[PDB]
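A lone chain, given as structure tokens: the form deposited in one PDB entry.
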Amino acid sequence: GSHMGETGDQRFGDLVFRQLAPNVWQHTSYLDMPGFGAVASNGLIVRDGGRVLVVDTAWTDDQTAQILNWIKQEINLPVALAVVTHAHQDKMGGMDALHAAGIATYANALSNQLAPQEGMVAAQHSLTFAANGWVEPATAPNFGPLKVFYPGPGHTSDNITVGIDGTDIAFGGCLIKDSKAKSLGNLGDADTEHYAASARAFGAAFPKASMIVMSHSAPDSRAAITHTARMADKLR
């Protein structure tokens, strides 16, 4: 089962949406984490010609259905696919809303294999990766601007990252924490030996991205990557 058991910001139900680029938005949803209260989780929405592509669900099915409603209102293009960046509640908790809506879903093969143990619904389709971390293109059909990179084990063994081609943006998901972070967040499923190398591999994979989007903080500069790697260095 699951381990879980302001300017420019647009409120839409209990979610928040922020435009990051002409064709890119950040979605934000909240879940109350006993003791510490509201935990934000961010993902992305990308307009690619006549299609919308989603990175990560919200925490819940009901929140994820609200992402689809927001897309209908603000973009009014069909959602061609969603890719989720590992098998934890914040990234995959809303899979049923996507499947209910007939949306094709993608995850790391390992995320799909771990999903039952992690209390998640598996995506319909599985990404695989080359030894250099880049997605095998046959497993990323019509991903368009989404450039998927497996950096190595870090936050989880299955964590993947996504560059948005033709923009300044790369999405570190839960691997990367912001440059102000006092900790690496939830290390319950982390690989402490390989985390630092995986963070640095993400930086090297998207060497010119200037806006680093993350699950649990607002977008940051590239300093988030180096600061995260140096915090991870101390886990070894």
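Sequential numbering from 1, following the sequence displayed. What we label the rigid core is the largest C-alpha set whose atoms superpose within 1.5 Å from one form to the other. Only residues modelled in both forms are compared.
We do not show the form deposited in another entry, though everything after this point is about it.
Summarising the superposition on the core between this form and the one not shown, the listed residues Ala181, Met211, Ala197, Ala65 contain exactly one with a Cα shift of 2 Å or larger, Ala181. Once both forms are overlaid on the rigid core, the distance between the two CA positions of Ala38 between this form and the one not shown is under 2 angstroms.
Annotation for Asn76: C-alpha shift under 2 angstroms between this form and the one not shown, rigid core superposed. In the core-superposed comparison between this form and the one not shown, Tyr150 has its Cα shifted by less than 2 Å. Between the C-alpha atoms of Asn142 and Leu77, a gap widened by no less than 3 Å is obtained in the other form, as opposed to the form on display. By 3 Å or more, the C-alpha separation between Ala181 and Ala223 grows in the other form relative to the form shown here.
At a threshold of 2 Å in C-alpha displacement, with the core superposed and only residues shared by both forms counted, the segments of at least 3 consecutive residues that shift between this form and the one not shown are, in sequence order, 33-35, 129-132, 137-143, 179-181, 233-236.
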